[PDB]
$ cat protein39.cif   # mmCIF, C-alpha atoms
data_input
#
loop_
_atom_site.label_atom_id
_atom_site.label_comp_id
_atom_site.auth_asym_id
_atom_site.auth_seq_id
_atom_site.Cartn_x
_atom_site.Cartn_y
_atom_site.Cartn_z
CA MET A 1 35.42 -43.43 -36.11
CA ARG A 2 36.44 -42.73 -32.51
CA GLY A 3 37.21 -39.46 -30.75
CA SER A 4 36.09 -37.54 -27.68
CA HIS A 5 37.30 -34.54 -25.69
CA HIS A 6 36.09 -31.59 -23.61
CA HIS A 7 37.11 -28.90 -21.11
CA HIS A 8 35.69 -26.01 -19.09
CA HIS A 9 36.87 -23.71 -16.30
CA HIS A 10 35.51 -20.23 -15.58
CA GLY A 11 34.73 -18.64 -12.23
CA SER A 12 34.89 -15.39 -10.26
CA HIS A 13 34.59 -13.73 -6.86
CA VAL A 14 32.40 -10.87 -5.63
CA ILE A 15 32.12 -9.14 -2.25
CA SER A 16 28.79 -8.06 -0.76
CA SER A 17 27.86 -5.76 2.12
CA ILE A 18 25.27 -5.81 4.90
CA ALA A 19 22.49 -3.37 5.76
CA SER A 20 19.11 -3.65 7.48
CA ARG A 21 16.89 -2.24 10.23
CA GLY A 22 14.93 -3.64 13.16
CA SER A 23 12.34 -6.02 11.72
CA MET A 24 9.10 -4.45 12.93
CA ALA A 25 5.45 -4.31 11.87
CA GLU A 26 4.83 -0.55 11.89
CA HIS A 27 5.95 1.93 9.23
CA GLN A 28 3.15 4.48 9.56
CA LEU A 29 2.00 7.16 12.00
CA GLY A 30 -0.55 9.75 10.95
CA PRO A 31 -4.14 9.33 12.18
CA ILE A 32 -6.79 11.58 10.64
CA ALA A 33 -9.96 11.25 12.72
CA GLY A 34 -12.96 9.30 11.47
CA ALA A 35 -10.81 6.90 9.47
CA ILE A 36 -8.81 6.01 12.58
CA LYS A 37 -11.97 4.28 13.79
CA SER A 38 -11.90 1.85 10.86
CA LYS A 39 -8.21 1.07 11.38
CA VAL A 40 -8.80 0.40 15.08
CA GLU A 41 -11.25 -2.38 14.19
CA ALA A 42 -8.32 -4.05 12.43
CA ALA A 43 -5.70 -2.96 14.96
CA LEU A 44 -6.82 -5.97 17.00
CA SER A 45 -4.59 -7.98 14.66
CA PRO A 46 -0.82 -7.87 14.04
CA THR A 47 -1.59 -6.52 10.57
CA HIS A 48 -0.88 -2.92 9.56
CA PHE A 49 -3.10 -0.17 8.16
CA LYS A 50 -1.85 2.95 6.39
CA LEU A 51 -4.35 5.77 5.90
CA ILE A 52 -3.43 9.22 4.58
CA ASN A 53 -6.03 11.97 4.14
CA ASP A 54 -5.08 15.22 2.41
CA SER A 55 -8.46 16.62 1.37
CA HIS A 56 -8.89 19.61 -0.95
CA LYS A 57 -10.75 22.66 0.35
CA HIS A 58 -10.10 25.32 -2.30
CA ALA A 59 -7.34 26.83 -4.44
CA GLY A 60 -5.63 30.16 -3.87
CA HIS A 61 -6.64 33.28 -5.78
CA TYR A 62 -4.16 33.64 -8.64
CA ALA A 63 -3.89 30.73 -11.07
CA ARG A 64 -7.05 28.88 -12.10
CA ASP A 65 -5.31 27.06 -14.94
CA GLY A 66 -8.56 26.22 -16.71
CA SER A 67 -10.37 24.93 -13.63
CA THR A 68 -14.13 24.47 -13.28
CA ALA A 69 -14.28 22.50 -10.03
CA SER A 70 -14.25 18.77 -10.72
CA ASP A 71 -11.45 16.68 -9.23
CA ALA A 72 -11.52 13.14 -10.62
CA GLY A 73 -8.24 11.25 -10.93
CA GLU A 74 -5.86 12.92 -8.49
CA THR A 75 -7.24 11.54 -5.22
CA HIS A 76 -5.91 12.78 -1.88
CA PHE A 77 -7.22 10.03 0.40
CA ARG A 78 -6.03 6.42 0.36
CA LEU A 79 -6.41 3.41 2.65
CA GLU A 80 -4.06 0.42 2.56
CA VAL A 81 -3.52 -2.60 4.80
CA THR A 82 -0.74 -5.19 5.00
CA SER A 83 -1.38 -8.50 6.75
CA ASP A 84 1.44 -11.05 6.61
CA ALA A 85 2.29 -9.47 3.25
CA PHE A 86 0.52 -11.91 0.94
CA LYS A 87 -2.62 -10.92 -0.97
CA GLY A 88 -4.88 -13.78 -1.98
CA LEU A 89 -8.36 -13.74 -0.44
CA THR A 90 -11.08 -11.34 -1.58
CA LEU A 91 -9.41 -8.03 -0.72
CA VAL A 92 -12.92 -6.56 -0.64
CA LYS A 93 -13.33 -8.52 2.60
CA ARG A 94 -10.62 -6.65 4.50
CA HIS A 95 -11.83 -3.26 3.26
CA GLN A 96 -15.44 -4.11 4.12
CA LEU A 97 -14.34 -5.39 7.53
CA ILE A 98 -13.00 -1.99 8.59
CA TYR A 99 -15.45 -0.14 6.34
CA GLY A 100 -13.32 2.98 6.61
CA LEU A 101 -13.11 4.07 2.98
CA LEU A 102 -15.66 6.59 1.71
CA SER A 103 -15.53 8.48 5.01
CA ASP A 104 -13.19 11.48 5.17
CA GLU A 105 -12.52 11.29 1.43
CA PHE A 106 -16.09 12.44 0.78
CA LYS A 107 -15.10 15.79 2.29
CA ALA A 108 -12.21 16.02 -0.17
CA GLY A 109 -14.29 15.83 -3.33
CA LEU A 110 -11.90 13.61 -5.26
CA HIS A 111 -11.94 9.84 -5.74
CA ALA A 112 -9.74 7.65 -3.54
CA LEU A 113 -7.66 4.48 -3.83
CA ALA A 114 -7.36 1.59 -1.38
CA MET A 115 -5.39 -1.67 -1.39
CA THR A 116 -5.58 -4.45 1.20
CA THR A 117 -3.27 -7.47 1.12
CA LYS A 118 -3.78 -10.36 3.53
CA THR A 119 -2.82 -14.04 3.56
CA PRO A 120 -5.40 -16.72 2.65
CA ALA A 121 -7.62 -17.75 5.56
CA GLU A 122 -9.42 -20.48 3.61
CA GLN A 123 -7.44 -23.12 1.72
#

$ encode --input "protein39.cif" --output "structure tokens"
Amino acid sequence: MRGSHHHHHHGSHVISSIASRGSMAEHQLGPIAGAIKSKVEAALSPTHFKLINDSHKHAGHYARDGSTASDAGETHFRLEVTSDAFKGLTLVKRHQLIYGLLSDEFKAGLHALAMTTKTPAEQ
């Protein structure tokens, strides 16, 4: 009751290309005013802070589209921060540190979204 055999041979070849830019830590440039103050407090570090404020004064004068003045879901103001690209610690800490949110957005009238990602400082 003997017997044994096997075989296998399958490969391939693929060519890839190259493409990249200068590795830097700055992909934003658009200071508002009051918010800039909060970012500065964090500017002391190599981290990055992206804040964009659009605000919403009023519509035109020919549309309406069933509008009764509300604004709750669109959001025009947002504050984000990237530190070492690695969220882990209580993000609420970074946001509270700069305490920038809820500043210029209040003038907009619509909610806002913020996301801060920083490496763990306590292991």

$ atom_distance --input "protein39.cif" --atom1 "atom CA of residue A:98" --atom2 "atom CA of residue A:40"
8.1 Å

$ atom_distance --input "protein39.cif" --atom1 "atom CA of residue A:105" --atom2 "atom CA of residue A:41"
18.7 Å

$ resolve_selection --input "protein39.cif" --expression "the PyMOL selection byres ((chain A and resi 69-74) around 10)" --output "mmCIF file with C-alpha atoms, keeping the file's coordinate frame"
data_model
loop_
_atom_site.group_PDB
_atom_site.id
_atom_site.type_symbol
_atom_site.label_atom_id
_atom_site.label_comp_id
_atom_site.auth_asym_id
_atom_site.auth_seq_id
_atom_site.Cartn_x
_atom_site.Cartn_y
_atom_site.Cartn_z
ATOM 1 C CA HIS A 56 -8.890 19.610 -0.950
ATOM 2 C CA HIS A 58 -10.100 25.320 -2.300
ATOM 3 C CA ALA A 59 -7.340 26.830 -4.440
ATOM 4 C CA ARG A 64 -7.050 28.880 -12.100
ATOM 5 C CA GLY A 66 -8.560 26.220 -16.710
ATOM 6 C CA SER A 67 -10.370 24.930 -13.630
ATOM 7 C CA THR A 68 -14.130 24.470 -13.280
ATOM 8 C CA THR A 75 -7.240 11.540 -5.220
ATOM 9 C CA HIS A 76 -5.910 12.780 -1.880
ATOM 10 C CA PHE A 77 -7.220 10.030 0.400
ATOM 11 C CA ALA A 108 -12.210 16.020 -0.170
ATOM 12 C CA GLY A 109 -14.290 15.830 -3.330
ATOM 13 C CA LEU A 110 -11.900 13.610 -5.260
ATOM 14 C CA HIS A 111 -11.940 9.840 -5.740
ATOM 15 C CA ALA A 112 -9.740 7.650 -3.540
ATOM 16 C CA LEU A 113 -7.660 4.480 -3.830
#

$ atom_distance --input "protein39.cif" --atom1 "atom CA of residue A:29" --atom2 "atom CA of residue A:43"
13.1 Å

$ resolve_selection --input "protein39.cif" --expression "the PyMOL selection byres ((chain A and resi 84-86) around 12)" --output "number ranges by chain"
A: 24-25, 45-49, 80-83, 87-91, 115-121

$ residues_around --input "protein39.cif" --residues "residue A:30" --least-positions-apart "4" --cutoff "10 Å" --atoms "all atoms listed in the file" --output "tab-separated table (two decimals) with C-alpha atoms, in the frame of the given file"
chain	number	residue	atom	x	y	z
A	36	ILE	CA	-8.81	6.01	12.58
A	50	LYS	CA	-1.85	2.95	6.39
A	51	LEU	CA	-4.35	5.77	5.90
A	52	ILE	CA	-3.43	9.22	4.58
A	53	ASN	CA	-6.03	11.97	4.14

$ resolve_selection --input "protein39.cif" --expression "the PyMOL selection byres ((chain A and resi 35) around 8)" --output "count of residues only"
13

$ build_atoms --input "protein39.cif" --residues "stretch 83-106 of chain A" --atoms "N, CA, C and O atoms" --output "short mmCIF file (atom, residue, chain, number, x, y, z; two decimals), in the frame of the given file"
data_model
loop_
_atom_site.label_atom_id
_atom_site.label_comp_id
_atom_site.auth_asym_id
_atom_site.auth_seq_id
_atom_site.Cartn_x
_atom_site.Cartn_y
_atom_site.Cartn_z
N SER A 83 -1.27 -7.42 5.78
CA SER A 83 -1.38 -8.50 6.75
C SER A 83 -0.57 -9.72 6.31
O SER A 83 -0.99 -10.46 5.42
N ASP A 84 0.58 -9.92 6.94
CA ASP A 84 1.44 -11.05 6.61
C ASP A 84 2.03 -10.89 5.21
O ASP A 84 2.70 -11.80 4.70
N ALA A 85 1.79 -9.74 4.59
CA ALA A 85 2.29 -9.47 3.25
C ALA A 85 2.08 -10.66 2.33
O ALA A 85 3.00 -11.44 2.08
N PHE A 86 0.86 -10.81 1.83
CA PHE A 86 0.52 -11.91 0.94
C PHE A 86 -0.95 -11.86 0.53
O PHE A 86 -1.79 -12.53 1.13
N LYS A 87 -1.25 -11.06 -0.48
CA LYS A 87 -2.62 -10.92 -0.97
C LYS A 87 -3.09 -12.20 -1.65
O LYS A 87 -2.34 -12.83 -2.39
N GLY A 88 -4.33 -12.58 -1.38
CA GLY A 88 -4.88 -13.78 -1.98
C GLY A 88 -6.40 -13.84 -1.88
O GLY A 88 -7.08 -14.00 -2.89
N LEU A 89 -6.92 -13.71 -0.67
CA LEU A 89 -8.36 -13.74 -0.44
C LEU A 89 -9.02 -12.45 -0.92
O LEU A 89 -8.35 -11.43 -1.09
N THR A 90 -10.33 -12.51 -1.13
CA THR A 90 -11.08 -11.34 -1.58
C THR A 90 -10.70 -10.10 -0.79
O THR A 90 -11.17 -9.90 0.34
N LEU A 91 -9.85 -9.26 -1.37
CA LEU A 91 -9.41 -8.03 -0.72
C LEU A 91 -10.60 -7.21 -0.24
O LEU A 91 -10.53 -6.51 0.77
N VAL A 92 -11.71 -7.30 -0.98
CA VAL A 92 -12.92 -6.56 -0.64
C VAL A 92 -13.39 -6.91 0.77
O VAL A 92 -14.14 -6.16 1.39
N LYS A 93 -12.95 -8.07 1.27
CA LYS A 93 -13.33 -8.52 2.60
C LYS A 93 -12.67 -7.65 3.67
O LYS A 93 -13.33 -7.18 4.60
N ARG A 94 -11.36 -7.45 3.54
CA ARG A 94 -10.62 -6.65 4.50
C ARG A 94 -11.15 -5.22 4.54
O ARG A 94 -11.38 -4.66 5.61
N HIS A 95 -11.33 -4.63 3.36
CA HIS A 95 -11.83 -3.26 3.26
C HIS A 95 -13.22 -3.14 3.88
O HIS A 95 -13.50 -2.20 4.62
N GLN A 96 -14.08 -4.11 3.58
CA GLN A 96 -15.44 -4.11 4.12
C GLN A 96 -15.43 -4.33 5.63
O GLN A 96 -16.29 -3.81 6.34
N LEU A 97 -14.46 -5.10 6.10
CA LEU A 97 -14.34 -5.39 7.53
C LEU A 97 -14.18 -4.10 8.33
O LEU A 97 -14.90 -3.88 9.31
N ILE A 98 -13.25 -3.26 7.91
CA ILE A 98 -13.00 -1.99 8.59
C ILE A 98 -13.97 -0.91 8.11
O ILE A 98 -14.21 0.07 8.81
N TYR A 99 -14.51 -1.10 6.91
CA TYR A 99 -15.45 -0.14 6.34
C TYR A 99 -15.04 1.29 6.68
O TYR A 99 -15.83 2.05 7.24
N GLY A 100 -13.81 1.64 6.34
CA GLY A 100 -13.32 2.98 6.61
C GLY A 100 -13.38 3.88 5.39
O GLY A 100 -13.68 5.07 5.50
N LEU A 101 -13.09 3.31 4.23
CA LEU A 101 -13.11 4.07 2.98
C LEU A 101 -14.45 4.78 2.80
O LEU A 101 -15.46 4.39 3.38
N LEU A 102 -14.45 5.83 1.98
CA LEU A 102 -15.66 6.59 1.71
C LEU A 102 -16.15 7.30 2.97
O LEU A 102 -17.35 7.41 3.22
N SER A 103 -15.20 7.79 3.77
CA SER A 103 -15.53 8.48 5.01
C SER A 103 -15.06 9.94 4.96
O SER A 103 -15.85 10.84 4.71
N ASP A 104 -13.77 10.14 5.19
CA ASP A 104 -13.19 11.48 5.17
C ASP A 104 -12.95 11.94 3.73
O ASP A 104 -12.91 13.14 3.45
N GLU A 105 -12.77 10.98 2.83
CA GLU A 105 -12.52 11.29 1.43
C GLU A 105 -13.68 12.08 0.83
O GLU A 105 -13.48 12.96 -0.01
N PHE A 106 -14.90 11.76 1.27
CA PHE A 106 -16.09 12.44 0.78
C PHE A 106 -15.96 13.96 0.94
O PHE A 106 -16.45 14.73 0.12
#
